[PDB]
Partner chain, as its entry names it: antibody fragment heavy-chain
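As a starting point, one isolated chain is supplied in structure tokens, in the form deposited without the partner chain.
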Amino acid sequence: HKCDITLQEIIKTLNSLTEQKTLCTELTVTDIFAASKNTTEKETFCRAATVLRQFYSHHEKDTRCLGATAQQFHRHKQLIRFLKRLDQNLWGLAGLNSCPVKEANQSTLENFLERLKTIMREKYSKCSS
């Protein structure tokens, strides 16, 4: 399923994420989009599904992110809800639960999310345009 509405779910969720801030949206993930050797779409997804999943699992109850105020704690609570959802969809479209994250370079969650939001919208374009 390649031009499935799951793409819209991914984009629609990407927007929420990209339009928010936290002390955690600056911590780094593996830049799987720093590769020159490349792969295949479903593996592009399993790899991305992987890094996103390593993050939220590593940062769900992280001290640097839980927050001082209420609006902050709320924000982080929301940040992790979305990561889980964005990831839930990625694994489904990837349909591949094994991943060789061969990369050294790290982006920031936020800058990585933009690139995912971009790749996804290009993937969408090819579905309608």
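Positions refer to the first chain, counted from 1.
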### Query
Which of the two stretches, 115 to 123 or 18 to 26, shows the higher mean Cα temperature factor in the record?
18 to 26
### Task
State which stretch shows the higher mean Cα B factor in the entry: 84 to 92 or 99 to 107.
99 to 107
### Message
Checking the record values for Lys37, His76, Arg47, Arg64, which has the greatest CA B factor?
### Response
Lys37
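There is another form of this protein, the form deposited with the partner chain bound, and it is not shown here; the text below is about that form.
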### Query
Relative to the partner chain in the deposited complex, which residues of 99 to 123 have a heavy atom no more than 4.5 Å away?
none
